[PDB]
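Take a look at this single chain, the form deposited in one PDB entry, given in structure tokens.
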């Protein structure tokens, strides 16, 4: 008979033959919930005369539906202090954080939230509150928080040193993975050093603290990767002795009026890789000085990519 087909997590199967009938010559075609998930690599299985559900090439083994990163359904339009409110589906990876205070993160894979270490262990200092899958703050609250099982702060980060954000970056493993959708999708990780070329325009979305009021909805701003040197000057120019390592990078400009502010840290600096039309998280909103001013600092994710993979590789 073959019995009922195994259920394909994050995917489903359809009968090409008479529905519900699981006997010889029975034919079902498995499929993954695309574009949120993609089938690892043709989904066609039949009830073999051996009374087993088998695919021409494999058989005994059903497909695997893996999560798809950085390929949002409703991309941002080309034409946080600095304005503009994000639309549903623009940043399916944005996460809302409320540990010590409002913060942000980015969904990685299907059960990991990437964010800023300082977001967990602040300078001069709780319930790990995390929400995802929505633009409006009330809604994320109603949707409920997503319990956290593991917390993985990078080794280099140090909390006692209030002016050293080196290694600022952490990982949050959700207790239970989520179900991707047009409004909840992971972002990809960088892999080429070019994701830091000067003048490169990346995005920073968050529920920070805009100009004069609190933000009830996710907002975003586009910023260009700035020249380190210039930032390095500007920084010492104001006599700041803050750390600015190769493991960081700066963006924005002192003359820009758009910028991430109080509450956007932990959020991510997103770049739509033109080469693949997929969005990668090149940086983590780490620190700066004031807001509307200029030159913000972000953790160079590209340098922790391996560290991240290991932590979530389990």
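Numbering follows the first chain given and starts at 1. If you superpose the two forms and keep the largest set of C-alpha atoms that fall within 1.5 Å, you have the rigid core.
In what follows, reference is made to the form deposited in another entry, a form of this protein that is not presented.
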Query - Large Cα shift (2 Å or above) at residue 56 between this form and the one not shown, core-fitted - result: yes
- Rigid-core frame, C-alpha of residue 254, shift of 2 angstroms or more between this form and the one not shown: yes
- Query: residue 27: with the rigid core matched between this form and the one not shown, does its Cα shift 2 Å or more?
  - Reply: yes
Taking the shown form as reference, the Cα pair residue 263 and residue 285 shifts by 3 Å or more in that other deposited form and sits closer
With a difference of at least 3 Å, the CA distance of residue 263 and residue 203 in that other deposited form shows the atoms closer
